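Structure 1 and structure 2 below are two forms of the same protein chain, each written out on its own as structure tokens.
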Structure 1
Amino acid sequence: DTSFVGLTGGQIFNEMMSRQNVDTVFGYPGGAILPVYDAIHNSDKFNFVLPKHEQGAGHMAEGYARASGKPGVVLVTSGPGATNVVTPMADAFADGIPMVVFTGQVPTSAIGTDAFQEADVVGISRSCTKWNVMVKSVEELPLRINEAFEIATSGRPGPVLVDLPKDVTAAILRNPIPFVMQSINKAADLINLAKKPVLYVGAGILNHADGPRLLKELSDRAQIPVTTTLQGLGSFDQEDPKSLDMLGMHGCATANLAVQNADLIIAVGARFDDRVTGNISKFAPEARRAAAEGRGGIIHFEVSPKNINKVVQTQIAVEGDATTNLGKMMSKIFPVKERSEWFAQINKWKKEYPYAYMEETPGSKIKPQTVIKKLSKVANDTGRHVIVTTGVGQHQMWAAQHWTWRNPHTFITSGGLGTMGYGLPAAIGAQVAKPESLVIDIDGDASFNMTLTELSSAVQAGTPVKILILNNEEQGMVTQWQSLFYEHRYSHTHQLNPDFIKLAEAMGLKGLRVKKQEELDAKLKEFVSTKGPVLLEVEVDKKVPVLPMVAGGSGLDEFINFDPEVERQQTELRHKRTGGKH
């Protein structure tokens, strides 16, 4: 090819973005990356979103990718610019989010001299990228860009980093540049044999446009109840009777009980992380027993060999794209008419273990769980497409439990790394991906404080995001652990919040606040109906634990369920131990 000859490395970058079908780029300029910013000045090949902090660009790109299905592209400078995107990269690495991060670097002749704004970005990002590299020459630039996008979007999607020395991007190109089938059958037999099967679905099913469809097909065909992980929410319609909801540490008791009593667990695009399995040795006993008798066990539809048999020994492993392999064994699955025995047990659990919690009473404070339920309906009553992002903590768990998920790619949350401050920037990026959607960020006060500077970025990008802050004036998830395992010793978990409404107004947004239950319903209406970016602060009760809960050495079936009397005794104890402070 000789179409690039005569162009600078930066101009080649501009063209390559076009070839990769990039329509949006998130970044912050800086000295080392100036040659690239000059070549993309007023570019019409893609839109550009400017944050206030590189961490924002990073999280914005993640939200964008998770909502659009396309890799998020980041463009920052060297030194601090690159170190500032490490968290987003580690975050995208843990959740398998496709992201291509371009970092400006000092001239190749300055590298290794402790140069101005120089960092060993390739070394620093090594553990949090599927692959990274430093471009040495302009003739090598197109190849590295093409490899970066390919790697980031194949296998298990993930982040990649391309280091761009200033002299390389300023340089002008002169010279023209140049068994599974067996596993599928063995897996189908086991399924046809299962008496109490359960579908354990994860983020993997959402990595293919036809994932949700085939999942439903297999579920309806063989009548198999489906439970999903935090990252799997949205892949299955929770309206369907076969829905077990979310499993794990803070999952539905029914979901966890089903998994513990199942003779066959079909793992689809899930990695059995420690937030799901509970005590690994106590995980899926019935499945282990069934496997011992050659009448069940665990089937794993995983794309990455290294996640196979990593946490728990499986009986059958189907390597490759889950959606693809499911479509292949569909014809090898005997249609199941009914499962009265299995379904009877599950329905009994449902009625027995619902998402119970201390509901409001005359004069009491608004309850966080209630806000989620109400907001879920109101948002749905708009008919608009809905995408929800969140921060990290109790509010995140409650948003997961009390919202009714039915559409894929509508829940964007930080799971593996659990990065506080993810909500706002991720929502902004998601809004850019789906301009027509009603993007809502269900945030916590502590999380919000982390990246609240991006509020002005929302206004500058023209993203009418709705920011909901469940303010319990505490780092709730940590405080819950201190209450439960640390004799109510709240060590540095209560920060001083700024006036959120005045903050919103200062940032150029509309601010709303709710204190009384009598105003919640109306405020929620106005919130979702407001045109443009808006922030709604809802004062919710404090020291409210997320239940059920499976922690420590407890098995998924040994969960701590809600009990009104226990909460009351806990409140009295908390008061006595904190001197009536909490």
Structure 2
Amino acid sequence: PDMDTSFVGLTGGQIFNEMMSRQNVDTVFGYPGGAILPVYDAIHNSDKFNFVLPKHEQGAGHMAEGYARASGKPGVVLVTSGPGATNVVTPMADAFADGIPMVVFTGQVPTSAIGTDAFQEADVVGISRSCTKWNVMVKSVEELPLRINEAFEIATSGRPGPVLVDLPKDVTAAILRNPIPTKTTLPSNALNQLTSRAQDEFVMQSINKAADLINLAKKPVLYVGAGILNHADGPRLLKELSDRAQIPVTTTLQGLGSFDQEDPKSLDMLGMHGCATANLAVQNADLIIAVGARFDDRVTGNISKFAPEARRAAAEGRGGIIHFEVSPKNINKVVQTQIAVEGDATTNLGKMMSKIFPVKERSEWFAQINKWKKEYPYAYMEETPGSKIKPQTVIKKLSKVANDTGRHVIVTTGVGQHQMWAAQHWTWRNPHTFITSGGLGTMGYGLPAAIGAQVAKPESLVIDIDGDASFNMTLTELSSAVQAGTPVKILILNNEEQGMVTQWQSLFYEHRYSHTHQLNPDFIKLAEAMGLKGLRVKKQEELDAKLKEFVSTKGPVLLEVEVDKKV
């Protein structure tokens, strides 16, 4: 039928509630206030949704991020006007940089008060314009389902990202009196979507040219990033291709977990803080197959000397770069490409799979590299009798202790040295288990991301590997964890005695001279004040028992490890 009457007689708040169900939302992160009251009241006390409350709206925002990254669903945020809205700008910017689907609803002053400098009237659509894929102010209750459907579709398509929908108080309190078009109330499908001959042929041409090229070269590497994780079936098809054509796999920071690092063909992470084996494979390589990765500055060296062996194979028409990329703009934006395969990376891998010649082996490649490893494993000064505890050692031990439980394990982090140590020294096996702020690098991300991930995956063991300065940013959310019941495991690598700011350093043995020390709280007393268990390690001898207790503990728990200040 043309018109939809099902919402007639409902308030905007009740329509919002119905629309969340139609979008298969079962979790909302948010915080009350006068402007959002009509919606908050319709949602907060409803059997249909788990409404998770932070102590600060920024915490709702990062919780929604961790929920989205752990679940593959959009994270939904509900906050009030004015400071409620301006408080979620950092999580929006964070979600925008990392391509995370987030739908932010902000209460607003009534439509009739817009542009009068009313109490808590902020220009939220203007403020959030550069850090959302799209935003809108809803102007009448008739328009509310439309904008909700548009918000969820835009957030979850192309490269996923945050969107904002501004909700004037008079609009959500109003009752819908008349029918509205059915087109505007039904969610988009994007599933069983028809395409034309023209469209089909276009992609298949680029698919054939790349299928023949991989089949050509036999010094290739798969260079994989976050985009392979944006389809349920990405990692499976990635391993399928890796196996079939015996192709070594290296990932970005944001692609960690998309490939089993135990697999003999794993190169692990590449770039500035990546391992030498991966990087050398890339300066070499006649063919880089880039899959859902954007060639960030920290991954590529200088562009010029970056993968010249691939550039030479390109000039000799025998290799180069293939880019499986969903957003045409990011194609040839940083490095110039030979073949572009536009669209969803996983879908295009699938289409391409049959056209791939099964490969025996490459051992001047495979038996090679496998020796690059020996001469360049990750190296750090390891403990000696009496020495301080090394953070890398903590992370390796913790990885093993978590693995021993046989549980699904999800790791979030703060931002800093501990973030890279986590990336490097944990052994990554499963998709959607490393949840870290990579594109914006938001300190304070770790704890609320862990809480939202835990809500997404109640059976998972969720560990926040955090820094002391990062953790201070958002530590009020400890009580949120206790209130939500989420049994997150919060690890603080406390290296407070070295400064936050490097003033200079030795040329070689990176002895760092630093300043700017923050005064930390007592983290164990803090944890107990907030209602959770606190554990502390001061010496090597107690590390193993405390890590075991940390992981074994029922309920949320904080473990502080005092660590050595020099890497």
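Heads up, when I say rigid core I mean the largest set of C-alphas that superpose within 1.5 Å between the two forms. Residue 1 is the first residue of structure 1, and the numbers go on in sequence order from there.
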property	result
Core-superposed comparison between structures 1 and 2: the option from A379, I172, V133, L484 whose CA moves 2 angstroms or more	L484
Threshold 2 Å Cα movement between structures 1 and 2 at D91, rigid core reference	no
Rigid core superposition, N471 Cα moves 2 angstroms or more between structures 1 and 2	no
Large Cα shift (2 Å or above) at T493 between structures 1 and 2, core-fitted	yes
Per-residue Cα shift, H41, between structures 1 and 2 [Å; core superposed]	4.1
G278: CA movement between structures 1 and 2 [superposed on rigid core, Å]	2.2
